[PDB]
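**Q** Residue numbers for the first sequence follow the working numbering, so the first one is 2 and each next one is one higher.
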Amino acid sequence: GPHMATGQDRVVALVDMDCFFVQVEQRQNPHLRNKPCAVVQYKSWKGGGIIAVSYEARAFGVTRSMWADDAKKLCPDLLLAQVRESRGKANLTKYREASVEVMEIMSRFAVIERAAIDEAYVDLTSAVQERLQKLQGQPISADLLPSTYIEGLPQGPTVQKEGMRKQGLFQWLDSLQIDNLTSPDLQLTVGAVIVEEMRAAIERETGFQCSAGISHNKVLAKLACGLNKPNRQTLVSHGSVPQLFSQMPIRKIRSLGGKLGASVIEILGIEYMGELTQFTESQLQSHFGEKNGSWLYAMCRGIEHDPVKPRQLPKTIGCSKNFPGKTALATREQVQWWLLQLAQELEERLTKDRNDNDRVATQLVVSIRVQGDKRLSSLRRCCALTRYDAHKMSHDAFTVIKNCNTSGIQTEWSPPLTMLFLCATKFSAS
DNA sequence: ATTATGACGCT
DNA sequence: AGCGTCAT
Ligand SMILES: Nc1ncnc2c1ncn2[C@H]1C[C@H](O)[C@@H](COP(=O)(O)OP(=O)(O)OP(=O)(O)O)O1
Ligand SMILES: [Ca+2]
Ligand SMILES: [K+]
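#1: Quick check: is any heavy atom of ligand 1 less than 7 Å from the C-beta of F21?
#2: Tell me the DSSP secondary structure of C384 in three-state form.
#3: What are the partner residues of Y273, as DSSP defines its beta bridges?
#4: Can you give me the C-alpha to C-alpha distance between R34 and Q345, rounded to a whole angstrom?
#5: Can you give the Cα-Cα distance for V123 and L418, rounded to whole angstroms?
#6: Just to confirm my understanding: we take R109, look at its own chain, exclude 5 residues before and 5 after, and list those with CB closer than 8 Å. What are they?
#7: By the DSSP assignment, the alpha helix (DSSP H) with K219 in it spans what residues?
#8: Please classify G157 as buried or exposed, where buried requires at least 16 other C-beta atoms within 10 Å of its C-beta.
#9: Can the beta-carbon of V84 be found less than 8 Å from the beta-carbon of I215?
#10: Among residues of its own chain, excluding the 5 on either side of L285, which ones have a beta-carbon nearer than 8 Å to its beta-carbon?
#11: Check whether the stretch 140-157 and the stretch 187-205 are in contact - that is, three or more C-beta pairs closer than 8 Å.
#12: Could you pull out every residue in the same chain whose Cβ sits closer than 7 Å to the Cβ of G192, ignoring the five residues on either side in sequence?
#13: Tell me whether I52, by its Cβ, gets closer than 7 Å to a heavy atom of ligand 1.
#14: Report yes if the C-beta of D78 is less than 7 Å from at least one heavy atom of ligand 2; otherwise report no.
#15: On the three-state DSSP scale, how would you describe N232?
#16: Using the three-state DSSP reduction, which class does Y56 fall into: helix, strand or coil?
#17: In three-state DSSP terms, what is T126?
#18: Where are the beta strand (DSSP E) runs, 3 residues long or more, that stay fully inside the stretch 7-64, in chain order?
#19: Does the count of Cβ pairs from the stretch 38-47 and the stretch 232-252 closer than 8 Å reach three?
#20: Shortest alpha-carbon distance to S100 belongs to which of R370, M18, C383, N404?
#21: Which two residues bound the contiguous alpha helix (DSSP H) that contains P140?
#22: Any heavy atom of ligand 4 closer than 7 Å to the Cβ of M18?
#23: Within 8 Å, do at least three Cβ pairs link the stretch 315-325 to the stretch 408-425?
#24: Ignore the nearest five residues each way along the sequence and tell me which others in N323's own chain have a CB closer than 7 Å to its CB.
#25: Taking DSSP as the reference, what is the three-state secondary structure of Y96?
#26: Report whether the distance from the Cβ of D10 to the nearest heavy atom of ligand 2 is below 7 Å.
#27: Under 8 Å, do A362 and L351 count as touching if we go by C-beta distance?
#28: From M199 to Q313, what distance separates their C-alpha atoms?
#29: What three-state label does DSSP hand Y298 in the structure shown?
#30: Which whole-angstrom value describes the C-beta separation of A69 and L81, a residue pair presumed to lie in contact below a C-beta threshold of 8 Å?
#31: Just verifying my parser: in three-state terms, what is the DSSP assignment at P416?
#32: Classify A213 as helix, strand or coil using the three-state DSSP reduction.
#33: For residue 1, I'd like the list of residues in its chain whose CB is within less than 7 Å of its CB, leaving aside the five on either flank, ordered along the chain.
#34: So is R115 buried or exposed if we call it buried at 16+ other beta carbons inside 10 Å?
#35: Under 8 Å by Cβ, that's how I've got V196 and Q234 pegged, so tell me the actual separation to the nearest angstrom.
This is the structure we're talking about:
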C-alpha cells in the first residue's frame with residue numbers, strides 16, 4: 002500500500018495533428034477546406050496512393066493505403082492534392098516545414114519529444130507546478146477546458162455529444178472542487194488547461210487543428226489522444242485505468258500492435274490489456290524477456306517510466322524510393338541515375354539542416370531491396386559521409402552495394418532492385 | 001504495386 | 001556493424 006508506486010509523478014501530453022498532410026494542403030488551397038479530400042502520391046498507377054484522409058472523406062470509408070481510383074468508388078466527389086515530385090520522386094519538404102511550424106510553437110510551452118512528423122510528447126510537470134502556484138487555490142472553471150473529455154465520465158445516476166462531454170467534465174471538476182480527487186488528478190487537470198492553451202496557439206498561429214491526450218506517462222497520453230478525435234483532447238486519469246483497460250484490445254497500446262502483442266495474446270490466452278494484471282512480473286518476464294516483462298507488468302497497471310526525451314529535431318535525414326513490379330531497376334546505369342537523384346535530394350536537405358541546426362551528419366547508410374525478398378530491406382551498408390556532395394555520396398553508395406549484383410554482365414543488374422534508400426546519420430555539432 | 005519515411009532494440 | 005520490429 003504505502004510503498005506501492007502508482008506512476009503519478011509526471012504530467013505528460015501527446016499532441017497529434019489531425020489528418021496532417023490534408024490540413025497542410027487545405028491551408029494552401031481554400032477550395033479543399035471542409036470537403037472530403039485526401040493527399041496522394043504519384044498518379045499513374047491506379048490514380049496514386051492515398052497517404053492522408055480528411056474526416057469528411059473518412060465518413061465514406063476512404064483510408065490510407067488505398068488507391069485513389071478505389072477511393073473514388075466510395076466517394077466520387079473526393080478531392081485530391083498530390084505530393085510534390087522532384088527528381089522523379091515524392092518530395093515531402095512542404096510537410097516537414099509545416100511540422101517545424103508546429104514544433105516550434107509547442108516548444109514555447111514545454112520540452113517536447115518529436116515522435117513523428119506530426120506528433121510530439123510534452124512533459125508538463127514543471128509548467129503545471131508553476132501554473133498551480135499562479136492559480137493560488139482558485140478553482141478551475143469548465144470554461145478553461147472547452148474541448149476536453151474526461152475518460153470514464155459521466156457515470157452513475159442529454160443525447161448529444163457535446164452534452165455528454167460537458168456532463169463528464171462537470172462531474173470531474175465538481176469532485177476536484179469538493180476535494181474528492183487526488184493531487185495527481187489536479188495536476189492532470191492543470192495540464193489539460195495548458196494543453197488547451199497550446200492547441201489554441203497552434204491553431205491561431207498556423208491554422209492547424211490537433212488532438213491531444215493528457216495523462217501521467219507517454220503510453221497513456223498516446224492512448225488518450227486517440228479516444229476523441231478530431232480537434233479534441235482527452236484526460237486519462239490514473240483511476241480511469243482499470244475500467245479503460247478492462248475492454249481495451251492489447252494491440253491498441255503503443256508497441257503492442259505487432260508480433261509481440263500477438264504473442265502476448267496467444268501465449269497467455271487473453272484479449273484485453275487489463276487481463277495482464279493476473280500474471281506475476283516473473284511470469285511475464287519468462288515469456289517476453291526481462292525488459293518487456295517488467296514493462297508489461299507496470300503498463301497494465303497504468304505505470305510507465307519512459308521519459309519525454311528533449312529532442313525536437315529528427316536524428317536522421319533519409320531519402321527512399323521503391324521500384325515495384327515491372328519498374329524494378331535492372332541495369333547498372335539505372336541504379337546509378339537513381340542513386341544520384343536520391344543523393345541530390347539528400348544533399349539539399351543536409352545543406353539546409355546544417356545551416357538551420359548547427360550540425361553535420363557523419364555516416365551515410367545505404368539500403369536496398371532485391372526483387373523476391375519479402376523484407377523491406379535486403380541489405381544495409383554504411384560508409385563515411387565526409388562531404389555534402391551528391392555525386393560523391395551516390396558514387397560511395399554504389400561502391401558499397403555494387404558487389405550485390407549477381408549478373409555476369411557488368412551492365413546488367415540482377416536480381417533487379419525494388420528499393421533504394423540513402424540515410425544520413427551520426428550528427429555532430431558544427 | 002500499402003510509399004516514404006523515422007526511432008529504437010538485438011546480437 | 002547489420003538486421004529486425006514498430007510506428008507514422
Ligand atoms: N504509412 C504512411 N505512409 C506515408 N505517409 C504517412 C503514413 N502514415 C502517416 N503518414 C503521414 C501522412 C499523415 O498526414 C501524417 C500523420 O500521420 P497520422 O497521424 O497517422 O495520420 P493523420 O495525421 O493523417 O490523421 P489523424 O487525424 O488520424 O491523426 O503522416
Ligand atoms: Ca495525426
Ligand atoms: K501522428
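Quick reminder that beta carbons are idealized off the backbone N, C-alpha and C, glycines included.
**A** With the structure as the only source:
#1: Annotation for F21 indicates a beta carbon within 7 Å of some heavy atom of ligand 1.
#2: Here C384 sits in strand by DSSP.
#3: Its beta-bridge partners are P250.
#4: Rounded to the nearest angstrom, the two C-alpha atoms are 34 Å apart.
#5: Between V123 and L418, the C-alpha separation is close to 41 Å.
#6: If we look at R109 and ignore the five residues flanking it on each side, its Cβ neighbours are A202.
#7: DSSP places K219 inside the alpha helix (DSSP H), whose first and last residues are 219-226.
#8: That one is exposed.
#9: No, the pair does not count as a contact, with Cβ atoms beyond the cut-off.
#10: Taken in chain order, the residues that qualify are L277, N293, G294, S295, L297, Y298.
#11: Verdict: yes, contact present.
#12: Closer than 7 Å at Cβ, skipping near neighbours: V12, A14, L125, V129, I215.
#13: Because some heavy atom of ligand 1 lies under 7 Å away, the Cβ of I52 counts as near it: yes.
#14: No, Cβ of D78 sits at least 7 Å from all heavy atoms of ligand 2.
#15: It is coil, neither helix nor strand.
#16: Correct three-state label for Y56: helix.
#17: Correct three-state label for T126: helix.
#18: Fully enclosed beta strand (DSSP E) runs of 3 or longer: 13-18, 38-42, 50-54.
#19: No, the stretch 38-47 is not in contact with the stretch 232-252.
#20: Checked all of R370, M18, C383, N404; the closest Cα to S100 is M18.
#21: Careful: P140 lies outside any alpha helix (DSSP H) and carries neither H nor E.
#22: Because ligand 4 does not appear in the structure shown, any question about it cannot be addressed here, the ligands present being ligand 1, ligand 2 and ligand 3.
#23: The stretch 408-425 makes contact with the stretch 315-325, as at least three CB pairs between them are under 8 Å.
#24: Correct list, in chain order: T419, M420.
#25: Under the three-state reduction of DSSP output, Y96 falls in the helix class.
#26: Incorrect: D10 has no Cβ contact closer than 7 Å to ligand 2.
#27: Closer than 8 Å, so yes.
#28: Taking the straight line joining both Cα atoms gives about 16 Å.
#29: Correct three-state label for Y298: helix.
#30: Between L81 and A69 the Cβ distance is about 6 Å, and since that is below 8 Å, they are a contact.
#31: Here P416 sits in strand by DSSP.
#32: Reduced to three states, the DSSP call for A213 is strand.
#33: Nothing about residue 1 can be reported from this structure: the residues present for the chain run from 2 to 431 only.
#34: So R115 ends up on the buried side.
#35: The beta carbons of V196 and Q234 sit about 6 Å from each other, so the pair counts as a contact at 8 Å.
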